[PDB]
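Okay, so here's just one chain, in structure tokens, the form deposited in one PDB entry.
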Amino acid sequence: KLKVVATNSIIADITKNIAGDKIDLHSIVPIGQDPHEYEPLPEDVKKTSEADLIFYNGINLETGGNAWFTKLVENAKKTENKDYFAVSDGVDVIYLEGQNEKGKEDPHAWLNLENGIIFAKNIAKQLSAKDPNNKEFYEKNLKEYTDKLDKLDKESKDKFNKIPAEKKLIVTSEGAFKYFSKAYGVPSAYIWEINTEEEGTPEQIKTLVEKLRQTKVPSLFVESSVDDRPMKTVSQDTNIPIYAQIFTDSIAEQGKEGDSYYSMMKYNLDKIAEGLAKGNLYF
């Protein structure tokens, strides 16, 4: 079997849907954990060295202090675009908004299903190149998976139209919803823009608190892969409840709701619409 390493559970799940049992797949970043800053275990180091194919996010996910993925593949002596591939190649990138983050990409492409499709295309392409005997199989799985993703994408374009302007704002800890906001027509706000920066300072919380206390936003959200303390402080200081845990940088654990890329997205879309519609009744 082809030996394949994926950096996080989101890329791993998409690869599973394309490759099934035809490969030997390993995922580095454990479920629920931050993929921005991770220190690979010796078993991850060993799997990476022996891999014929490595998939990572690219666009500024696994690169920061101090570029853990770069260190891993360099030490394992793997070549970019021969041994390891960014699944984000081709995505319409959104950049970070911060004053000093000039030219720096926002990595969270997958929260737009259109990019999920691109991820899958990239994976299928690379698997096929390395494992021609299974090309037809990979391509068929790609066709089915992308149609499933596409139909959910097309259905969800108007999912937030019903939310009045005053209530219409996604609030999470990390500013991980830029692509989601653009794909499904709903603004987002945050405590900190990206995980590599300081995560939940008094000043950040205060900044978001004063923004919120002059909105009618009915619900806050927290991500499965961050410490919830900052958002809980935001909750107390604004009197806006946290409605639900949502998924950004990881899928859910097996057996939980959202334990794949597709159900993660379905769940996010569902739960976010619920929280912003909170209080709505027929009679």
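Each form is matched to the other, and the largest set of C-alpha atoms that superpose within 1.5 Å is called the rigid core. Just count from 1 along the sequence shown to find any residue number.
If you look for the form deposited in another entry, you will not find it shown, but the lines that follow are about it.
Per-residue Cα shift between the shown form and the other one after core alignment stays below 2 Å for all of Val93, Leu152, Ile163, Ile118 except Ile163. Annotation for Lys77: C-alpha shift under 2 angstroms between the shown form and the other one, rigid core superposed.
After superposing the rigid core, the C-alpha of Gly258 moves by less than 2 Å between the shown form and the other one. Residue displacement note: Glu136 has its CA displaced by under 2 Å between the shown form and the other one (rigid core superposed). In that other deposited form, the separation between the C-alpha atoms of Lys102 and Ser88 shrinks by 3 Å or more relative to the displayed form. Relative to what is shown, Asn100 and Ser88 are closer in that other deposited form; their C-alpha atoms differ in spacing by at least 3 Å.
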